Amino acid sequence: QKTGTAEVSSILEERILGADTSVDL
Amino acid sequence: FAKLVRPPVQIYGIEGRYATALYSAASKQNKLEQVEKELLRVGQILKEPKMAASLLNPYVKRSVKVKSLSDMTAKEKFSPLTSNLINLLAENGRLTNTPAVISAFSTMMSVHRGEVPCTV
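First to last, the sequence lines map onto chains B and A.
If you're matching positions, the first sequence starts at 1 in PDB author numbering and goes up one per residue.
If you're matching positions, the second sequence starts at 1 in PDB author numbering and goes up one per residue.
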């Protein structure tokens with residue numbers, strides 16, 4: 001099958017800006 | 001084997017997050033028009049009957065399609081929010097249900113203006 005994604009577009013936004021954090025691990 | 005049902009299809013989750021995870025920065029820079037109008041071109045390029053065969057042809061391949069995508073955006077004059085998410089659409093074979101992801105952008109954009117008073 002061809003699947004296996006994890007919000008890649010979300011992690012990409014942090015690389016270009018990365019200006020939103022609220023203690024989350 | 002008696003009756004048949006046919007539910008519609010629009011907005012789901014991982015596909016909606018693709019437009020909201022790229023336009024989420026556009027919402028702060030006011031690019032919803034720069035990202036919602038350029039993304040629509042990808043849906044028309046795949047919806048086009050002469051271009052639909054080129055996107056589904058078995059010769060475009062995947063690694064070669066990545067260069068064709070960047071080499072097309074260079075002539076398409078995309079915007080600052082449409083020369084990155086375009087790779088994801090043609091990165092893992094996402095040019096089949098690509099128009100459904102653009103439709104979710106219009107529904108997600110309505111949530112970025114409802115909570116933003118900017119009129120005097």
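The C-beta atom is built at its ideal place from N, Cα and C for all residues, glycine as well.
Cβ-based neighbour list, residue i, same chain, cut-off 7 Å, excluding 5 preceding and 5 following
i: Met51(A); result: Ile45
i: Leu88(A); result: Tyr18 and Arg94
Pair within 9 Å by beta-carbon distance, residue i and residue j
i: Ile14(A); j: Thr5(B); result: yes
i: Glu13(B); j: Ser24(A); result: yes
i: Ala21(A); j: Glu7(B); result: yes
i: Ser106(A); j: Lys31(A); result: no
i: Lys2(B); j: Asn57(A); result: no
Simplified DSSP assignment, three categories, for residue i
i: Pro117(A); result: coil
i: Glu13(B); result: helix
i: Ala19(A); result: helix
i: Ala26(A); result: helix
i: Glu33(A); result: helix
i: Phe105(A); result: helix
i: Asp71(A); result: helix
i: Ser110(A); result: helix
i: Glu48(A); result: coil
Close Cβ partners of residue i (< 8 Å) along its chain, the five nearest in sequence each way excluded
i: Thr73(A); result: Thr82, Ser83 and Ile86
i: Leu40(A); result: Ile102
i: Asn97(A); result: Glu15
Residues of the segment 15-46 of chain A in Cβ contact with chain B at a cutoff of 7 Å, in chain order, please. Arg17, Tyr18, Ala21, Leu22, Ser24 and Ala25
Could you list the residues in the segment 92-114 of chain A with a C-beta less than 8 Å from some C-beta on chain B, going in chain order? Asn92 and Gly93
Residues in the segment 3-15 of chain B with C-beta within 7 Å of chain A's C-beta atoms, listed in sequence order? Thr5, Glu7, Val8, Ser9, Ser10, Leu12 and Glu13
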